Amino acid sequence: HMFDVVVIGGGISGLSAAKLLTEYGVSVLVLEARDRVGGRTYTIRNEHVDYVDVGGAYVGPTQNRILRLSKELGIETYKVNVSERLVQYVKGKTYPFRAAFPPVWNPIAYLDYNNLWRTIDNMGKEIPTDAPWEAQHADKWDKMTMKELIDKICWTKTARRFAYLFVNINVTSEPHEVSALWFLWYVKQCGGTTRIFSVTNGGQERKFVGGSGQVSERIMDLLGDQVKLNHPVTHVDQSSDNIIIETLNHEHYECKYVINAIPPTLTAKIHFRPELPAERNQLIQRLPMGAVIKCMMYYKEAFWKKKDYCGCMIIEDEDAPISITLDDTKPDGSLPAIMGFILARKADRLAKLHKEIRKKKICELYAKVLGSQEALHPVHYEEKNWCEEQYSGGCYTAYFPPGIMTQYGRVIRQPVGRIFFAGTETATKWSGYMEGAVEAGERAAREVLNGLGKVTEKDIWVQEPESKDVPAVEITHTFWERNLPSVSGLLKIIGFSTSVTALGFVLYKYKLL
């Protein structure tokens, strides 16, 4: 029962740390709470679905780590379907479109919406990726909620409603819940607004053939009996050179280094000895998990396609069960499906229904949105409620409430003696994602390897070579995106246009042109 390293948690972060340590000849024990690995990724297998991700599923350009780890484990990606039209459903109306963002035809709302995404990205620029609390405006921004920033930068109700939604979709909580500072950073560290929100060339570009659960399943395969299921860790005691780990059934393991590869809320439940610094205890108990119910509606035929819909719906409607959807049809066209998310407060309220009613209401929304009755005839329904997962807390990730970042934030990933911290929440690139889980996992392993004297201080943070199979097409903005003014910008200019048109009339009246 003695090891160099014990990794607490066998999600992608944990297994990445363990896989890397193992590569260096270091003995590692992964202790995993559930009867399975993979954590917030979970690929369910049955006859009705073949396979399906009920947890994390999508990968895209710039996520080079999860790509490189996926590949080398023999896992291949395929493209999310966007061949047909995306649709936006607002105010009872279905609006097909083709871009990453629903087109805005009101010229004023257009400016508003343009300036919103530009400002988010621009404000992100300011924020240090590794150290968001060091941002020039950090205290100011960290005190505001994302609702307050949205309402401050958007004049139109259209753009605020979309923004709120955008917040829901990306961090699975309500704008009023999350720090504006943390959110600007969150978006910056995923590559900006276009990158985070897009399918083509964005974070939703791709899925894994056979599911993302296979990432963890196969690292566990490599690890053999150095991974232990059903071992929830409850105590971590680093008083002596041999750190003692205790699991829920009172088994004990000893090691030299611990990697904590679970989200903060669950890190909050571990009895640490000595106690973590008060600062750190506050931070980990103050980062709540977002909320999602992921829902899979199966049909005989991908009827959305024949109406020229790809099956991606941005549903901006407060009565609506679902917020957003993608086609989830298998790469060969078999088992046509719509992956739907119920997010943020809507998840919390829909969780209160029976599954059949939740299914009923979703079919009814699909029927409406897609303008077909075939939606009311599913051959199968899968759902997974992530809030109700004791070993996850929710999905996708933790969110930072206002103030937390500036007050406790600076230690999310700081070692505590010989305890190192991983988990996607400690990542600096695609934190919140399977990508971030790998980054954090490997950097923690490197922090440990560096303790063991096997890796240099410079080598703790390694750059991922860009993926050759899924290269990052650079994100462009049109001349007009760059240069069109905000609503209030329009006004400052119009009041110039007007001033001088006016003096162009006093100069024309007095022949002084």
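Numbering starts at 1 and runs along the sequence shown.
A.B. asks: Is the mean CA B factor in the deposited entry higher across 94-102 or across 243-251?
C.D. replies: Mean CA B-factor is higher for 94-102.
A.B. asks: Higher mean Cα B-factor in the deposited model: 5-13 or 494-502?
C.D. replies: So the stretch with the higher mean C-alpha B-factor is 494-502.
A.B. asks: Quiz for you: based on the deposited Cα B-factor, which of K269, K228, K346, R206 is highest?
C.D. replies: In this record, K346 carries the highest C-alpha B-factor of the candidates.
A.B. asks: Go through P263, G191, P401, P107 one by one and give the residue whose Cα B-factor in the PDB entry is largest.
C.D. replies: Answer, based on the entry's C-alpha B-factors: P107.
A.B. asks: Considering only modelled residues of the same chain, in which third does the CA B-factor of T62 rank: lowest, middle or highest?
C.D. replies: According to the entry, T62 has a C-alpha B-factor in the chain's lowest third.
A.B. asks: Comparing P321 with the other modelled residues of its chain, is its CA B-factor in the lowest, middle or highest third?
C.D. replies: Highest third.
A.B. asks: Could you tell me which third, lowest, middle or highest, the C-alpha B-factor of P336 occupies within its chain?
C.D. replies: For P336, whose C-alpha B-factor we compare with every modelled residue in the chain, the answer is the middle third.
A.B. asks: What third of the chain does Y42 rank in for C-alpha temperature factor, lowest, middle or highest?
C.D. replies: Tercile = lowest for this residue's CA B-factor.
A.B. asks: Could you tell me which third, lowest, middle or highest, the C-alpha B-factor of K360 occupies within its chain?
C.D. replies: Its C-alpha B-factor, which the entry lists for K360, ranks in the highest third among residues of this chain.
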